[PDB]
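Shown next are two forms of a single protein chain, provided one at a time as structure tokens under the names structure 1 and structure 2.
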Structure 1
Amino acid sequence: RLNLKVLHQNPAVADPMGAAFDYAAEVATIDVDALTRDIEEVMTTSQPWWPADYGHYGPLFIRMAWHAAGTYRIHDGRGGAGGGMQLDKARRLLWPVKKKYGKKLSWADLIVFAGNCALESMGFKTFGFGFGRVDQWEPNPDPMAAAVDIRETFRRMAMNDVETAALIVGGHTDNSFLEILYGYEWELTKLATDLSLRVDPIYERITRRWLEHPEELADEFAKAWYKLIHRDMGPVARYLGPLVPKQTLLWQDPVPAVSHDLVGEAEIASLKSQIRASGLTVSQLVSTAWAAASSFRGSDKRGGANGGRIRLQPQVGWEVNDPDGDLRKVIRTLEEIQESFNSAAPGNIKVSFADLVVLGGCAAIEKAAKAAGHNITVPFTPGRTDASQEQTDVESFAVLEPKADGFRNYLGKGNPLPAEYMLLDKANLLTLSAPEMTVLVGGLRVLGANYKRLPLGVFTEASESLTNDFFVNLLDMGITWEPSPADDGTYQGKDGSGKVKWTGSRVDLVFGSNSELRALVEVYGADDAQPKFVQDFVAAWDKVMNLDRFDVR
């Protein structure tokens, strides 16, 4: 069955720090001016065990950082240098450095910085560095064939055309063997892979030019290495330490900084009133807010709602974010509201489109809950900005596309896992525990967010009202579930009379037929457990909205 132990991976009980280890006020107090000297003193020595290769250990740590940062696979984001644990007899050699710092320098930061310092101290000038990789708590030779193989194995790493050549040349070496590769004939016997640069015509547009402009090789290799070790770290607000560069690069998905005073509380109330007074259905605002804030990968920290890219080309064309029913009308209405509030702004208070998307989501939930008999307030922390189309990298936002969304009953053709391990994977990416997954599924089914507004999972008698009616009616035993005669995957449920009453997908009934999920649904769908469900859903929704805010603080 489902492995629901993946949702609570790396809990706070196995963390030897507990609750007072914000890894941003410690490493910001690091002494980089002296840590580099300690690294140099450790690396430029021999040891009885593991004897030195001509002294310097620079090659060792450079190849180690490379083989630890080359695991990042774009198709799901996991890998990189900041995750897992990728020889580990080095942790018995870098220990004389970690001993002097301890909790102010995680193992990932120390290993990657050892590699970077080795590069810096072997006749080079690297780009920059940024600490903040938290430590996981489990720490035939054919030219064309080789060329296509390296192109594919770096395309999975998101290295395109010039970073591939720069990385290969630098790793094998700012020219020291480029002049070797053009000096004479080359033969073979029982390495010629580097000849792929000399053979492949796409490489020749840059590689042969690099013989005349060696400084270009150095610059592009510095940029390629900086990309290589920082690809699995996130947007540039987790980049801690006094080493980060002063410029931002287009592969980071940059967002403009705030140039306007953030909205207070009276302005929040006025905007919340102005949104739900424009004639927007709750199923529109909630769907748009979830769409903007459920394209987030908690492994590569890339995506999220910040930047407000749901109106941009990469994220509006997706079939999940159906741009035919309502994702142009909603965006036009919110843009008009933003312009109206910006023009007659009370002072220097301005609202950015990402703020309005998340605010529309929160106001829609508040209105639905107020219509459900309760009186709740959804927390909203402003500060998001809007990223222009020139800063979105249309070709990069093509893997964040959800091939299958579990909270919206979207199931695209061609899926690896049938219909509910993809929901588990999505809930793992958003870093959602099992109770939060269950409460979010229930709230989104009841509110109305299903793709194409299908009635697959809407168990509520009267929609647009945040109640636990997806949980009460799921456990009801007056209805029996059998696969539909039209075998599309639906599980139409019939009552005791013999007429069809509800209709479900594999997600709803895997909540209703598992063991742990059944226990959670029984907790959330009892009698006199509506207020608990409302509070838990508001907390889960706020966490989802603010997922990509703390690391872009």
Structure 2
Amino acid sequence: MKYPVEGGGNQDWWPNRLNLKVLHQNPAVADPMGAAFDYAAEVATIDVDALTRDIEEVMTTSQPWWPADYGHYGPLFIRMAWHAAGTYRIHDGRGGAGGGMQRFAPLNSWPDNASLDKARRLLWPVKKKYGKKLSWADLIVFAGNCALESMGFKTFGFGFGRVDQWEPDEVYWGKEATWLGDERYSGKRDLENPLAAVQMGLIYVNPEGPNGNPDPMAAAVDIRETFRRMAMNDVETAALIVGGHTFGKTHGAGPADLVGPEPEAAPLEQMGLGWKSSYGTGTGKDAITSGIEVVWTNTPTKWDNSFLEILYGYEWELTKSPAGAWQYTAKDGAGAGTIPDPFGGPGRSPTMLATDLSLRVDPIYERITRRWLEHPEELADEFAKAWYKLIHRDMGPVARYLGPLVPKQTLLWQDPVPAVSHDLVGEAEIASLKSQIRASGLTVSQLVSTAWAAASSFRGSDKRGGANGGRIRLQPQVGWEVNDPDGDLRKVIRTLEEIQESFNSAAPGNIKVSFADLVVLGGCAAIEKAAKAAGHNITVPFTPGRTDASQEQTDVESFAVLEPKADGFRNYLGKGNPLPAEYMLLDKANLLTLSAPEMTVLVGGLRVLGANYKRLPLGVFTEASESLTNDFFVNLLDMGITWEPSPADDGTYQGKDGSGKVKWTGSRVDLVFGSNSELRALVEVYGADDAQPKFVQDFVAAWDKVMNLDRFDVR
């Protein structure tokens, strides 16, 4: 069967066809805020004291549709807050709280996101007051941060500026067709590269050990691997788990078969709420969220060093949750009736979750926690730093943090860049520098490839990398395989440093130029020289302001995830990619926040400009040496050429003319633009007889967009 349009569509006949709809995600037509809504200018003016008062009033006020445990919705807001930021993953930077996707993405219905719909609904009275001055993404994490502040914990700081989105970001979470699927492992615990979760729908880890096996060692291994795949080491992981579970409790009062469907498969009358329980009242003393009934600490609404005292004070035999789940309880009934009830009444025995004994059984976590057992100040500092890192991972450079709560110091995981310490070049020194660069003896190909390598490391997901920082001469990026440290990127870098030294030593006044600015300027000078060679007199815009980071300010391991395993624009293909070359090219274009016409012009320009990996002729459908001409598209649509795969199986094709002599050679990413019906439509726009000026100006616009992707200090 097939569904008309609003149920399904074209992906049914050909399930594995190239999907170009990912390149126009979040269109401005679907934005209800108009094309003049500058979120930064709005959120820069809110009153944080009033917002804190409103959030505290919401936390301390119980609501009939979701009775508050202990008369406080703080712990629920903390859980919501990190579950928003717990979907981040360093593989590609997707996920996290930077987009507020917890509302309508394919989560909002994940088994671990149970009872978080009520948490987001409880904050409507706050969002109602501030409207557009405060986004949902900002409010979700600020609610948890303010809950931590109100429950006695002094946090590091906070930064506003997470722009809302009005369309689910299509993120690959796994190949498992059913919830809690475990088809993402090979041999031992070897979680597949794209994913960062043990199962499907689980944020971090099943709270029963691997696949329901209540073994603290294996659970510890899973915790370590899962947190490692989200930029967290052992100390930060232990701090996060200890601090987070200091507050609140779990909800496993009744059997889980009485819980209704998820919000996305719920009746209309529920108003977008899901998991409606039929046990008892269904809320409050009879709430069911995960099936485990554990209260870790005897003061679950205050911050103190009581989680570790309880953890190391008992023996933790194994028992069963009243909903039928695995959990640990203090042996010999020690400390019975010492844990208070959420809604008044009898006490509880001390219970620990199956993954909470990992912190005292695994040797690494055991040493860390035993250190924190008698040194609560270290735990407080570590938790503050880890929480700050967790909330602001995918928010980008420090220039994007708004509001008055931003901390003053810099952290290495932010990829800090130094502030501008001189006066920027403008409109005359730029011309002189471009003249010097074009007279420096570097070819168009070298400059263009160096500029693209510097700038095409940006990810639109977590806004890491980019041309700012001048990090292409630093160790992680100067040695990448795609960058070819052998044949180039050393002559170019040395020449650019010589030019920078010569200019700075003689520039008037206190005007200097940074290395990154000079790299981008050389790229632009090469572009305009090639355009002049083609026959067009144009000027590539340049925005100075970049600064040079140092080696000590660059984390080599943190940058290892930005290395491209496949760069279709440079016609480079590494090893171990999950998909063919064209799909990887679309993924790269989506990461660069490009559209389809922009991708087309960038590919067609970089092909003829000589910015190919190893300067290979794969895709150079031109006879002009380094001229920004309209030749890639003209020769791609020519049917005087018959394409057929190379006799030596390489993933490369050769195009023979009418005389049978091989004229062109190409790859998957070169022929996909002439084969795909949606892409050939764009290629035919620039392949027309009168499209060379339009192609040149479009290429310059796309190039300037790519160079300025990471310029958040001027935008």
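Between two forms, the rigid core is the largest collection of C-alphas that superpose within 1.5 Å. Each residue is numbered by where it sits in the sequence of structure 1, with counting from 1.
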{"query": "Core-superposed comparison between structures 1 and 2 - Cα displaced by 2 angstroms or more, from 212, 324, 152, 390", "finding": "212"}
{"query": "Exceeds or equals 2 Å, Cα of residue 296 between structures 1 and 2, core fit", "finding": "no"}
{"query": "Displaced residue check between structures 1 and 2: residue 103, CA, 2 Å or over, core reference", "finding": "no"}
{"query": "Residue 469: Cα shift of 2 Å or greater between structures 1 and 2 (core-aligned)", "finding": "no"}
{"query": "Shift in Å of the C-alpha at residue 164 between structures 1 and 2 after core superposition", "finding": "1.3"}
{"query": "For residue 478, CA displacement between structures 1 and 2 after the core is overlaid, in Å", "finding": "0.4"}
{"query": "Core superposition result - C-alpha of residue 185, shift between structures 1 and 2, Å", "finding": "4.6"}
